[PDB]
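Engineer: Quick one: the structure is below, and I'll ask about it shortly.
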Amino acid sequence: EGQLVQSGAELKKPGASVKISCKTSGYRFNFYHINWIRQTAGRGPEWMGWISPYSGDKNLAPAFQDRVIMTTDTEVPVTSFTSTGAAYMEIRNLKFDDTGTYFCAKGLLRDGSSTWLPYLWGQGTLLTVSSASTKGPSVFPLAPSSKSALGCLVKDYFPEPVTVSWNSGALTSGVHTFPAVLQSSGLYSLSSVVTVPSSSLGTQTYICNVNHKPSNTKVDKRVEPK
Amino acid sequence: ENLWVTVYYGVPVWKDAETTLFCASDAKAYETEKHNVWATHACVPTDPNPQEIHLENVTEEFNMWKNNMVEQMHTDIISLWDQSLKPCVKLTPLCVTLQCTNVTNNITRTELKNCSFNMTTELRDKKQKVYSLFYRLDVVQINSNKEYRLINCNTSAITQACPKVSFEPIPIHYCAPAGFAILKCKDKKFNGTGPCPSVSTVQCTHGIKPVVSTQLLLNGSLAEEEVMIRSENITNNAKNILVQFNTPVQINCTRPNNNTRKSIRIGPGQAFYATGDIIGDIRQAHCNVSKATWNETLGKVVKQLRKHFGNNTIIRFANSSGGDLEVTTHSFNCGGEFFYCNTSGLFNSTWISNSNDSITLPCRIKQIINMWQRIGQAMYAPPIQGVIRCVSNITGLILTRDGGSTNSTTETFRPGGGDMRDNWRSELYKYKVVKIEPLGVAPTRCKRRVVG
Amino acid sequence: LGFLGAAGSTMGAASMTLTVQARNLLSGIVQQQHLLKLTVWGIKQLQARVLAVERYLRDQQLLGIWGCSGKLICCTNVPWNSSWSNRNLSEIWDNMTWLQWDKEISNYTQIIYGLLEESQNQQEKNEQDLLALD
Amino acid sequence: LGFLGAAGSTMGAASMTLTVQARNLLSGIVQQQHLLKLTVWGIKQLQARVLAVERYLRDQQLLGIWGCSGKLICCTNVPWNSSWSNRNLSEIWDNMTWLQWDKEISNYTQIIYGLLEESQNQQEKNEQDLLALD
Ligand SMILES: *[C@@H]1O[C@H](CO[C@@H]2O[C@@H](C)[C@@H](O)[C@@H](O)[C@@H]2O)[C@@H](O[C@@H]2O[C@H](CO)[C@@H](O[C@@H]3O[C@H](CO[C@H]4O[C@H](CO)[C@@H](O)[C@H](O)[C@@H]4O[C@@H]4O[C@H](CO)[C@@H](O[C@@H]5O[C@H](CO)[C@H](O)[C@H](O)[C@H]5O)[C@H](O)[C@H]4NC(C)=O)[C@@H](O)[C@H](O[C@H]4O[C@H](CO)[C@@H](O)[C@H](O)[C@@H]4O)[C@@H]3O)[C@H](O)[C@H]2NC(C)=O)[C@H](O)[C@H]1NC(C)=O
Ligand SMILES: *[C@@H]1O[C@H](CO[C@@H]2O[C@@H](C)[C@@H](O)[C@@H](O)[C@@H]2O)[C@@H](O[C@@H]2O[C@H](CO)[C@@H](O[C@@H]3O[C@H](CO[C@H]4O[C@H](CO[C@H]5O[C@H](CO)[C@@H](O)[C@H](O)[C@@H]5O)[C@@H](O)[C@H](O)[C@@H]4O)[C@@H](O)[C@H](O[C@H]4O[C@H](CO)[C@@H](O)[C@H](O)[C@@H]4O[C@@H]4O[C@H](CO)[C@@H](O)[C@H](O)[C@H]4NC(C)=O)[C@@H]3O)[C@H](O)[C@H]2NC(C)=O)[C@H](O)[C@H]1NC(C)=O
Ligand SMILES: *[C@@H]1O[C@H](CO)[C@@H](O[C@@H]2O[C@H](CO)[C@@H](O[C@@H]3O[C@H](CO[C@H]4O[C@H](CO[C@H]5O[C@H](CO)[C@@H](O)[C@H](O)[C@@H]5O)[C@@H](O)[C@H](O)[C@@H]4O)[C@@H](O)[C@H](O[C@H]4O[C@H](CO)[C@@H](O)[C@H](O[C@H]5O[C@H](CO)[C@@H](O)[C@H](O)[C@@H]5O)[C@@H]4O)[C@@H]3O)[C@H](O)[C@H]2NC(C)=O)[C@H](O)[C@H]1NC(C)=O
Ligand SMILES: *[C@@H]1O[C@H](CO)[C@@H](O[C@@H]2O[C@H](CO)[C@@H](O[C@@H]3O[C@H](CO[C@H]4O[C@H](CO[C@H]5O[C@H](CO)[C@@H](O)[C@H](O)[C@@H]5O)[C@@H](O)[C@H](O[C@H]5O[C@H](CO)[C@@H](O)[C@H](O)[C@@H]5O)[C@@H]4O)[C@@H](O)[C@H](O[C@H]4O[C@H](CO)[C@@H](O)[C@H](O)[C@@H]4O)[C@@H]3O)[C@H](O)[C@H]2NC(C)=O)[C@H](O)[C@H]1NC(C)=O
Ligand SMILES: *[C@@H]1O[C@H](CO)[C@@H](O[C@@H]2O[C@H](CO)[C@@H](O[C@@H]3O[C@H](CO[C@H]4O[C@H](CO[C@H]5O[C@H](CO)[C@@H](O)[C@H](O)[C@@H]5O)[C@@H](O)[C@H](O)[C@@H]4O)[C@@H](O)[C@H](O[C@H]4O[C@H](CO)[C@@H](O)[C@H](O)[C@@H]4O)[C@@H]3O)[C@H](O)[C@H]2NC(C)=O)[C@H](O)[C@H]1NC(C)=O
Ligand SMILES: *[C@@H]1O[C@H](CO)[C@@H](O[C@@H]2O[C@H](CO)[C@@H](O[C@@H]3O[C@H](CO)[C@@H](O)[C@H](O)[C@@H]3O)[C@H](O)[C@H]2NC(C)=O)[C@H](O)[C@H]1NC(C)=O
Ligand SMILES: *[C@@H]1O[C@H](CO)[C@@H](O[C@@H]2O[C@H](CO)[C@@H](O[C@@H]3O[C@H](CO)[C@@H](O)[C@H](O)[C@@H]3O)[C@H](O)[C@H]2NC(C)=O)[C@H](O)[C@H]1NC(C)=O
Ligand SMILES: *[C@@H]1O[C@H](CO)[C@@H](O[C@@H]2O[C@H](CO)[C@@H](O[C@@H]3O[C@H](CO)[C@@H](O)[C@H](O)[C@@H]3O)[C@H](O)[C@H]2NC(C)=O)[C@H](O)[C@H]1NC(C)=O
Ligand SMILES: *[C@@H]1O[C@H](CO)[C@@H](O[C@@H]2O[C@H](CO)[C@@H](O)[C@H](O)[C@H]2NC(C)=O)[C@H](O)[C@H]1NC(C)=O
Ligand SMILES: *[C@@H]1O[C@H](CO)[C@@H](O)[C@H](O)[C@H]1NC(C)=O
Ligand SMILES: *[C@@H]1O[C@H](CO)[C@@H](O)[C@H](O)[C@H]1NC(C)=O
Ligand SMILES: *[C@@H]1O[C@H](CO)[C@@H](O)[C@H](O)[C@H]1NC(C)=O
C-alpha cells in the first residue's frame, strides 16, 4: 500500500560510476527490505541484492558483490505507521552489457518464510551506457494532411525518453501516446497522439511542449495553419 | 474460506487516555527532618530497581502541551499545599493598626520597617504590645508618625506556615496504575511534539522534584544535544516558550541578614514567630551568576533559535516588560524564605549575526505570599533564624512575546512565567500514559471440540 | 521482552509471548505498600487500586462466558465474516502489529463480542442436554 | 430480553438466555466515569463499586470450587435428595418461575452448597491420584 518512486534518467560514460535513488512513502521503512533488478537487451531481467534498512545485514549477488555495493540511511517517521525514507546504490564498473532499465521494489513481507522478494514496484529508471555523446532533440509540428488525431513531432534525439508532450497540462484524459523508434543512423525519434474532437482552429489552442534532460527545453512549438 | 476466530488475552494494544497517579519516593529524611510539605508524612516508597523496558519498532505520537500528566501534577501540588497548612497557626489577630517607623540607619535603602502593634495574649481579657519587623511590599500605606497595615488584610485571610515544615523539593515519582503504562520518549531532539521513534515503557518516572520557580527553572532534567526549544505554537508569538539547557549554570543566592526568632504567644498555645533586631550589620540579598558561563548559554540559545526563527532578524533582549514584581522577578522559595531576585540584569546582552568576574542580582525577601495567584488564603513565612544559602543548578528558561511586530525584523523573547503549570512541563515533555487493552481478537482456522 | 517487548513486533511474534503482558498488569504498581491517613496520596492510591481490579475483572468476566476461564488462547467455534477483513492467512499475521489490528476492528469489535457468547457458550453449554446423560 | 426479559417466564425459557443476565451485572452502572474530590457522591460511588466486585467475586469464588470456572451451566455429579422437592421432571420446569424456586430451596439452599464442594471437587480432583500417571 506504500508507493515507491525512483529518481530516474541518469546516464554517463561506460567507465563511469553513478548512483540511483528511490523515494519511499506510505509504509514503514524500517523492516521492509529493498532490492534491485535489471532488464538488459537480453530477454531476461535478473535480480541484484537485497538490503535491510535495519541492522544492515545484506546478501548481494555473488557476481556483483565485488563491484556493486549499496547502502541506505535511516528514516523520518510521519506517523506511527507511515514513514518516508530513501535507498541508494553505487556501481563501480559497467559496460554496454550493463545498459537497460533498473527498478527498485519494496520487500514482500516482514516475517520468515519469504521476505527477500519484491512487492510494490516504482516507476523505474532507464540507464544508457552508450559511449556516444548527448544531443539536443529537434522539434517539428507534424500537421494533419486532410484538414484543408493530432500531436507533434520529434526528430533526431540521442538518448532515453523525452516523456510528457503537452502544454499547460490542459488535457490528461483521452490523450493516446506513442513510443520511440530506432533510426538507421542510431538517432532516436518519436511522436505522440492526442484524441480530441474535431473543431475549429481559431477557437482552441494547438501548442505542445516536451521536457528534456540531454539539453534543457524552452520552446513549446505549435502547428502550422496549413 | 473455512476460517475461525480466536481470542487472545494478553495482547499489547492501547488507547490514549489519562487517569489518577500516585507518589513514589524512597527513604529520604524521616528522622533527621520530617513533616515535609510535598512527600507528606508517608508516601508509597519506590523500589530501587528501575522499571524500564526498551520498545522497538514503535513510534507512538506523544504530546506535551496537551498532556494531562502536568494537569494532575498542577492540581495535586495545590491540594497538597493547602493540606499541609490547614493544621497550623492562623494569624487573624495580626490585622490591627500598625504604627511603624523606619529602621535605625544612623538617621539616613529602607526596605524594612521596625513596626509594632498590639495583639491577643494568652488571656482574651488582656492585650499585649510587641515590636517586630516586616518587609516592604508586605505592607502598603493607609492614608507625622507612620501607621501601617498588612497588605493581605485588605483582600484575603492569613495563616502562618508551620515552623517544622520542610520546604525543600524532593524527588516525587509519578507511577502509573495497574492496567496502564507511562511511555517515555528516548529521542534526544524531540522538537515540539510529534512521533517519537525511540520509546520506552517505564512504570515509574524519574526523580521529579517540584521546583517552584519563576522565569528561570532550577534543578531540571535534560539529556544532551543543542539547548532544546519547545513551544506549543512557534508562529504565534503570544504563546509561551520553554527552553532547556544543554548544560546547567551554577548559581548561588543568599541573604546576609542575621535574624532572630521572636516568639509571642497569641491566644492559648499559638505563637507568632517574627523578626527581632538584626545582629551583625544589615545587607541586601543577592544571587550571583557566573558571568563567563552565562555568556556561553545565551549564545547557544540564540544559535538554535536562529534556524528556528528566520536566522536573519535582530536579537533584542530586554527586562521582563510589564507584569507584577512577583511574576516578572525570579520568584522562588529557598531556605524557608521567598526570594525575588532581579532578573533585569541577565538579559541585557544582545548578540546577532556573527578569581573571575560574576554578574550579581539585587534581591528582596517577602514573608506574605499566596503563590500561583491563589486568592483564597495567604500564608506568613516565619523568618528562618540564622544563615541562608541556595546554590542551585539553573537548567531552564521561560520566555514570552516580543510585541506585535508587523513583518520587518528585530525580535526575541523577554522572560515571563505567568503560569505555574508550564514549570512542570520542563520535566514531563516526554511522558504520556495510555489505556492498555489486553483483549484482542484475530481469526485463524482453529476450532475447539464440536460438542461439549 | 520483559514487558511489551513485542509491542512493535509482528502479531505472530507477539502471540509467542503474551503471557508476560498478562502477568504484570493485574499485579503491577506495587500497590501493596502526624497520625492521620486521609492524605491526597492515599485517596489517589485507593481509587487507582479500584480500577486496577475493576478493569481486570471487566475483562476476566468476558473470558469466563467464552469457555476461556483459565486459557490465554481459546480457539472459538464462531465463523469469521468476510466483511470484517478481506486479508488472507499470511497477509495480516506476517505484516501488522497488534496496534494496527486494534484500529482495524475497533469499528465492528462489539459485533464480534455479542456473537462469541452465543455460539461458544449460549449454545455449546446447551448442546449437552441430549449428550450429558443418555 | 435485553435484561431480565424472562424474569417472569418459565425456568426453561429463562435457562435459554441466562448469559445476558450475567453479562450486565458486573459491568453495569457506568462506574467508570472547586478542586476537591471528597464529595458525598464520590464516596457513595466508591463503596457502591466495592460491593460491585465483592458480590461478583463472592459468587465467582463458588463456581471455581465446583469445576465451573468458565461455564454458565455445569451438570454436577451430586445426587438430588427427594426431601428437597417432590415434584417430577416436567412439573417444575414447565410451571415455576425462578422466583418461586428461589423461595422453595432457600430453606435448604446451604445444605446443597456444602455437598457440592465435596463430590464434584473435593473427591473428583482427588480421584486422579491413581489415574494421572500410572
Ligand atoms: C522489529 O524489530 C525486530 C528486531 O528484534 C530483534 O529481536 C531479537 C531476536 C534480537 O535479534 C534483537 O537484537 C532484535 O531487536 C526486527 O526483527 C527482524 O526482522 C527481519 C525481517 O523480518 C528478520 O530478518 C531476516 O529474517 C530471515 C528469515 O528467517 C528465517 O528463519 C525464520 C525462523 O526459522 C523463519 O520464520 C523465516 O521465514 C526464515 O525461514 C527459515 O529459515 C531457517 C534457516 O535456514 C530454516 O531452518 C531450516 O530448517 C531445516 C528443518 O526444517 C533444517 O534444520 C535447516 O538446517 C534449517 O536451516 C527454516 O526451514 C525456514 N523456514 C521457516 C521456519 O519459515 C532470515 O533468514 C534472515 O537471517 C539473517 O539474519 C540472521 C540474524 O542475525 C542471521 O542469523 C542470518 O545468517 C542472516 O544474516 C534475517 O533474520 C530478522 O531475523 C528479525 N530479527 C532479527 C534477528 O533481527 C524486525 O525487522 C522489526 N520489524 C518488524 C518486522 O516488526
Ligand atoms: C526596634 O524597635 C524596638 C522597640 O522599641 C520600642 O520603642 C522604644 C522607645 C521602647 O519604648 C521599647 O520598649 C519599645 O518596644 C527596639 O527595642 C527597644 O529599643 C529601645 C531603644 O531605646 C530600648 O530602650 C532602652 O531600654 C533600656 C532598658 O529598658 C528596658 O527595661 C525597662 C525597665 O527596666 C528598668 O530597670 C532597668 C535595670 O534593671 C533599667 O536599665 C531601665 O532603664 C529601667 O529603669 C523597660 O521599661 C524598657 O522597655 C526596656 O525593656 C533603657 O535603659 C534605655 O533608655 C535610656 O538610655 C537610652 C540610650 O540607650 C536613652 O535614649 C533613653 O532616653 C534612656 O535614658 C534614660 O534612662 C533612665 C534609666 O532609668 C530612664 O529612667 C529615663 O526615662 C531615660 N530617659 C528618657 C526620658 O527616655 C532605652 O529606653 C528597649 O530596651 C528595646 N526593647 C526592649 C527590650 O524593651 C529596637 O531596638 C528597635 N530596633 C533597633 C535594632 O534599633
Ligand atoms: C535544587 O537543588 C539544590 C541542591 O543543592 C537545593 O539546594 C539546597 O541543597 C542543600 C544540599 O546540602 C540543602 O542543604 C541542607 O540544609 C539543611 C539546613 O538545615 C539546617 O537548619 C535546620 C533548622 O535550623 C535549626 O538549626 C539551626 C542550626 O543549623 C539553628 O540555627 C536553628 O535555630 C534551628 O535550631 C536544622 O534542622 C538542620 O540540622 C540544619 O542545621 C541541612 O540540615 C542539611 O544538612 C547537611 O549538610 C550540613 C552542612 O554541611 C551537614 O552539617 C549535615 O550533616 C548531619 O548533621 C546535621 C547536624 O546535626 C544534621 O542536621 C543533618 O541531618 C546531618 O545528620 C548534612 O550533611 C543541608 O546542608 C538545602 O536545604 C537545599 N535548599 C536550599 C536552601 O536551597 C535546592 O533547594 C533545590 N531547588 C530549590 C531552589 O528549591
Ligand atoms: C531590576 O534592576 C534593573 C537594573 O537596570 C532596574 O532597571 C532600572 O529601571 C529604572 C526605571 O525603568 C531606571 O530608572 C532611571 O533611569 C534613568 C535613565 O537615565 C537618564 O539619564 C541618563 C544619564 O544616566 C547615566 O546612566 C545611565 C544608566 O541609567 C546611562 O544609560 C547613561 O548613559 C548615563 O551614563 C541619560 O544618559 C539617559 O538618556 C541619554 O543617554 C542615553 C545613553 O547614552 C541615550 O541612549 C539617550 O538617547 C539619552 O541621550 C537618561 O536621560 C536614570 O537617570 C534614573 O536615575 C539615575 O540618577 C539617579 C540620581 O542620581 C540615581 O540615583 C540613579 O541610580 C540613576 O543613576 C533612573 O535610574 C534604571 O536606570 C534602571 N536600571 C538602573 C537601576 O540603573 C529594574 O527596575 C529592577 N527591577 C525592579 C524590580 O525594580
Ligand atoms: C498558532 O496559533 C495562531 C493563532 O493566531 C495561528 O495563527 C494564525 O495566523 C495567521 C496569520 O495570517 C492568521 O491568518 C489570518 O487570521 C485572520 C483572523 O481573523 C480576524 O478577523 C476576522 C474578520 O475580522 C475583520 O478583519 C479581517 C482582516 O482580514 C477582514 O478580512 C474581515 O473582513 C473583517 O473586517 C474575525 O472574524 C476573526 O475573529 C479575527 O478577529 C483571518 O481573518 C484571516 O483569514 C484570511 O485567510 C483565510 C485563510 O486563508 C481565508 O479563508 C480568509 O478568507 C482570509 O483571506 C487569516 O486566517 C490565522 O487566523 C491564525 N490562526 C487563527 C487560529 O486565527 C497559528 O497558525 C498557530 N500555529 C501554527 C500552525 O503556526
Ligand atoms: C495599642 O497601641 C495603640 C497605638 O497604636 C494604643 O493607642 C494609643 O496610642 C497612643 C500613641 O501615642 C498612645 O500615646 C499616649 O497618648 C496619651 C494621650 O494622648 C499620652 O498622655 C501618652 O503619653 C502617650 O503619648 C496611647 O497610650 C494609646 N492609648 C490611648 C488611650 O490613646 C492602644 O492603647 C494600644 N492598646 C490597646 C488596643 O488598648
Ligand atoms: C517540529 O518539527 C516538525 C517538522 O519535522 C514540525 O512539523 C511541521 O511544522 C510546520 C510549522 O509548524 C508545519 O507547517 C505549517 O503548518 C501549519 C498548520 O499546522 C500551516 O498553517 C502553515 O501554513 C504551515 O504549513 C507543518 O505542516 C508541520 N508538519 C510537517 C509534516 O511538516 C513541527 O511543527 C515542529 N514542532 C513541534 C511539533 O514540536
Ligand atoms: C548571628 O548572630 C548570632 C548572635 O549574635 C551570632 O552568634 C554569636 O557568635 C559569637 C561568635 O564568637 C559567639 O561568641 C562570643 O560569645 C560571647 C559570650 O556571649 C561574647 O561575649 C562574644 O562577644 C562573642 O559573641 C556568641 O556566643 C554567639 N551568640 C550570641 C548570643 O551572640 C552569630 O555568630 C551570627 N552569625 C553567624 C551565624 O556567624
Ligand atoms: C543562517 O543562514 C545561512 C544562509 O541563509 C545558513 O547557511 C546555509 O545556507 C544555505 C543556502 O541558503 C542553506 O541551504 C543551508 O541550510 C544553510 N546552513 C544550514 C546548515 O542551515 C546558516 O547555516 C544559517 N545559520 C546557521 C549558523 O545555522
Ligand atoms: C521612611 O521611609 C518612608 C518610605 O516611603 C518615607 O516616606 C519616610 O519619609 C521615611 N522617614 C524617614 C524619616 O526616614
Ligand atoms: C557558587 O559558590 C561556589 C562555592 O565553591 C563557587 O565555587 C561558585 O563559583 C559560585 N558560583 C556563583 C557564580 O555564584
Ligand atoms: C484470500 O482472500 C480472498 C478474498 O479477497 C478469499 O476469497 C480467499 O478465500 C482468501 N484465501 C484463502 C486462503 O482462502
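Ligands are numbered from 1 in the order shown, chains are lettered A, B, ... in the order of the C-alpha cells, and residues start at 1 in each chain.
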All residues within 10 Å of ligand 6 are required, counting only C-alpha atoms and all ligand atoms; please report them as a VMD selection string.

Structural biologist: chain B and resid 96 to 100 116 to 120 126 to 130 145 147 to 148

Engineer: Counting only C-alpha atoms and all ligand atoms, what are the residues, protein, DNA or RNA alike, that approach ligand 1 to within 8 Å? I want them as a VMD selection string.

Structural biologist: (chain A and resid 30 to 33 52 54 to 55 57 to 59 109 to 115) or (chain B and resid 56 to 57) or (chain C and resid 8 to 10 94 to 95 97)

Engineer: Identify all residues of stretch 187-390 of chain B in alpha helix (DSSP H) (DSSP on the backbone) and supply them as a ChimeraX atom specification.

Structural biologist: /B:291-306,325-328

Engineer: What's the 10 Å shell around stretch 17-33 of chain D, counting only C-alpha atoms, without same-chain residues fewer than 5 positions away, as a VMD selection string?

Structural biologist: (chain C and resid 51 54 to 55 57 to 59 61 to 62 65 114 117 to 118 121 to 123) or (chain D and resid 1 to 7 12 45 to 46 48 to 49 52 to 53 55 to 57 72 to 73)

Engineer: With the cut-off set at 9 Å and counting only C-alpha atoms, tabulate each residue of chain B with an atom at most that distance from an atom of chain D, showing the nearest atom pair and its distance in Å to one decimal, ordered by chain and increasing number, as CSV.

Structural biologist:
residue,atom,partner,partner_atom,distance
B:75,CA,D:35,CA,7.5
B:78,CA,D:35,CA,8.8
B:79,CA,D:36,CA,7.5

Engineer: Can you list, as a compact mmCIF listing (two decimals) with C-alpha atoms, in the first residue's frame, every protein, DNA or RNA residue that comes within 7 Å of stretch 209-219 of chain A when you count only C-alpha atoms, leaving out same-chain residues fewer than 4 positions away?

Structural biologist:
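The new file selection-v4.txt reads:
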# COMPACT_ATOMS: atom_id res chain seq x y z
CA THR A 134 24.39 13.57 -25.61
CA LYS A 135 22.45 15.67 -28.10
CA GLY A 136 19.58 18.13 -28.10
CA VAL A 162 11.51 12.65 -23.68
CA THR A 163 8.33 11.81 -21.67
CA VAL A 164 5.50 14.35 -21.33
CA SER A 165 4.44 16.19 -24.50
CA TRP A 166 1.59 18.65 -23.90
CA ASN A 167 1.27 22.34 -22.99

Engineer: When you draw a straight line from atom CA of residue A:95 to atom CA of residue A:128, how long is it in Å?

Structural biologist: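 Going from atom CA of residue A:95 over to atom CA of residue A:128 covers 9.7 Å.
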
Engineer: Step by step, measure atom-to-atom distances between ligand 3 and each residue using only C-alpha atoms and all ligand atoms, keep those at most 7 Å, then write them as JSON, numbers by chain.

Structural biologist: {"B": [32, 33, 168, 169, 211, 218, 219, 332, 333, 334, 335, 385, 386, 388, 389, 390, 391, 392, 393]}

Engineer: Restricting it to C-alpha atoms, dump the selection as a PDB file, in the first residue's frame.

Structural biologist:
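For reference, selection.pdb as written:
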ATOM      1  CA  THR B  32      16.703  13.912  60.854  1.00  0.00           C
ATOM      2  CA  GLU B  33      13.948  16.018  59.263  1.00  0.00           C
ATOM      3  CA  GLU B 168      12.807  21.629  50.196  1.00  0.00           C
ATOM      4  CA  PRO B 169      11.712  19.879  46.965  1.00  0.00           C
ATOM      5  CA  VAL B 211      10.798  23.281  41.875  1.00  0.00           C
ATOM      6  CA  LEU B 218      16.141  25.145  38.546  1.00  0.00           C
ATOM      7  CA  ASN B 219      17.258  21.526  39.074  1.00  0.00           C
ATOM      8  CA  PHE B 332      11.247  31.123  44.306  1.00  0.00           C
ATOM      9  CA  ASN B 333      11.093  29.608  47.783  1.00  0.00           C
ATOM     10  CA  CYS B 334      14.565  28.792  49.120  1.00  0.00           C
ATOM     11  CA  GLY B 335      15.746  28.066  52.643  1.00  0.00           C
ATOM     12  CA  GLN B 385      16.781  32.115  62.087  1.00  0.00           C
ATOM     13  CA  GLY B 386      20.459  32.105  61.124  1.00  0.00           C
ATOM     14  CA  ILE B 388      20.688  31.115  54.332  1.00  0.00           C
ATOM     15  CA  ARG B 389      22.181  29.895  51.043  1.00  0.00           C
ATOM     16  CA  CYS B 390      20.517  28.392  47.960  1.00  0.00           C
ATOM     17  CA  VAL B 391      23.215  27.286  45.462  1.00  0.00           C
ATOM     18  CA  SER B 392      21.071  25.568  42.836  1.00  0.00           C
ATOM     19  CA  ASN B 393      21.598  24.498  39.229  1.00  0.00           C
TER      20      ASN B 393
END

Engineer: Using only C-alpha atoms and all ligand atoms, which residues of the polymer chains come no farther than 6 Å from ligand 11? I'd like the answer as a ChimeraX atom specification.

Structural biologist: /B:250-252,288-290,358

Engineer: Mind dumping the selected residues with C-alpha atoms as a PDB file, in the first residue's frame?

Structural biologist:
ATOM      1  CA  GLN B 250      25.670  27.007  38.713  1.00  0.00           C
ATOM      2  CA  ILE B 251      24.039  29.906  40.581  1.00  0.00           C
ATOM      3  CA  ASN B 252      24.162  30.901  44.253  1.00  0.00           C
ATOM      4  CA  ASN B 288      25.411  35.517  41.858  1.00  0.00           C
ATOM      5  CA  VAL B 289      25.625  34.159  38.312  1.00  0.00           C
ATOM      6  CA  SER B 290      28.816  33.053  36.572  1.00  0.00           C
ATOM      7  CA  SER B 358      30.460  37.050  38.025  1.00  0.00           C
TER       8      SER B 358
END

Engineer: All residues within 8 Å of ligand 9 are required, counting only C-alpha atoms and all ligand atoms; please report them as a ChimeraX atom specification.

Structural biologist: /B:303-304,306-307,310-312

Engineer: Give me a file of those residues, with N, CA and C atoms, as a PDB file, in the first residue's frame.

Structural biologist:
ATOM      1  N   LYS B 303      21.718  30.610  18.917  1.00  0.00           N
ATOM      2  CA  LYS B 303      22.148  29.839  17.755  1.00  0.00           C
ATOM      3  C   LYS B 303      21.040  28.917  17.266  1.00  0.00           C
ATOM      4  N   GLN B 304      20.392  28.206  18.187  1.00  0.00           N
ATOM      5  CA  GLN B 304      19.350  27.265  17.804  1.00  0.00           C
ATOM      6  C   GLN B 304      18.005  27.940  17.588  1.00  0.00           C
ATOM      7  N   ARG B 306      18.054  30.609  15.898  1.00  0.00           N
ATOM      8  CA  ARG B 306      18.309  31.230  14.602  1.00  0.00           C
ATOM      9  C   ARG B 306      17.657  30.442  13.476  1.00  0.00           C
ATOM     10  N   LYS B 307      18.063  29.184  13.302  1.00  0.00           N
ATOM     11  CA  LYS B 307      17.427  28.345  12.292  1.00  0.00           C
ATOM     12  C   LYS B 307      15.958  28.096  12.610  1.00  0.00           C
ATOM     13  N   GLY B 310      14.017  32.257  11.488  1.00  0.00           N
ATOM     14  CA  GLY B 310      14.426  33.006  10.315  1.00  0.00           C
ATOM     15  C   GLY B 310      15.918  33.124  10.084  1.00  0.00           C
ATOM     16  N   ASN B 311      16.699  33.334  11.151  1.00  0.00           N
ATOM     17  CA  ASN B 311      18.155  33.441  11.043  1.00  0.00           C
ATOM     18  C   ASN B 311      18.522  34.615  10.128  1.00  0.00           C
ATOM     19  N   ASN B 312      17.945  35.776  10.440  1.00  0.00           N
ATOM     20  CA  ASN B 312      18.107  36.970   9.619  1.00  0.00           C
ATOM     21  C   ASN B 312      17.717  38.221  10.397  1.00  0.00           C
TER      22      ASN B 312
END

Engineer: To check your reading of the model: which residues sit at most 12 Å from ligand 2 when counting only C-alpha atoms and all ligand atoms? Write the answer as number ranges by chain.

Structural biologist: B: 99-107, 112-118, 128-134, 259-260, 262, 275-282
